[PDB]
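In the block that follows, a single chain appears as C-alpha cells, in the form deposited in one PDB entry.
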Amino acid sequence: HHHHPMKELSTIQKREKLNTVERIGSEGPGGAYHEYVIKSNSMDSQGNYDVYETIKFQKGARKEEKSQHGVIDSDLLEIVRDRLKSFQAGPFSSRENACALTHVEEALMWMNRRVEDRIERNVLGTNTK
C-alpha cells in the first residue's frame, strides 16, 4: 500500500543492504523514537515496496500513565537469537554467526540485568534513572 534524509538510520552494513530502516515520528519518552519502518530497497512493478513493515515500541512505562502498548527491545533480540541458534544447528553455520549470537545473548543478558536492577530499586516502569 506504500509507494516508493535525517530519518533513515546509518547502519553498520554498508554494501548490499536488503532494506532501509527509518525512524517514524518524534522523540518520545527517554528521548527515544518508538516507531520504526523497515522497507525494501526493491520496487514492485508499479513502484510499491516489496517490504514495508512497522515496529511500534511500548511507549510510556508500565507503571506510568497513558501508555501505548507494544514491543520491547529484548523481544527483537530474542527473535534474532532464535534464528541464529537455528542457522547454527543447520547446514549453513559459520563462525561469524556464532560470534554474533554470543554477542546477542550477552546484550540480552545486560538488558535483563537492567530489568532486575530496576526491580530491586523498585523503579521498574517509572520515569526514573
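Only the largest set of C-alpha atoms that superpose within 1.5 Å between the two forms is called the rigid core. Position 1 is the first residue in the sequence shown; the rest follow in order.
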Checklist entry - Mean C-alpha B-factor higher for 6 to 14, or for 105 to 113? => result 6 to 14
Item to check | Which of 61 to 69 and 80 to 88 has higher mean CA B factor, as the PDB entry lists it | outcome: 61 to 69
Next on the checklist: Sorting by Cα B-factor within the chain, modelled residues only, which third would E53 end up in: lowest, middle or highest?
Outcome noted: highest
Item to check | Third of the chain, ranked by Cα B-factor, where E35 sits | outcome: middle
Next on the checklist: Per the entry's values, where does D75 land by CA temperature factor relative to the rest of its chain, in the lowest, middle or highest third?
Outcome noted: lowest
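A second form of this protein, the form deposited in another entry, is not displayed here; the remarks below concern that form.
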Item to check | Sole residue of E64, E78, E53, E27 shifting 2 angstroms or more in CA between this form and the one not shown, core aligned | outcome: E64
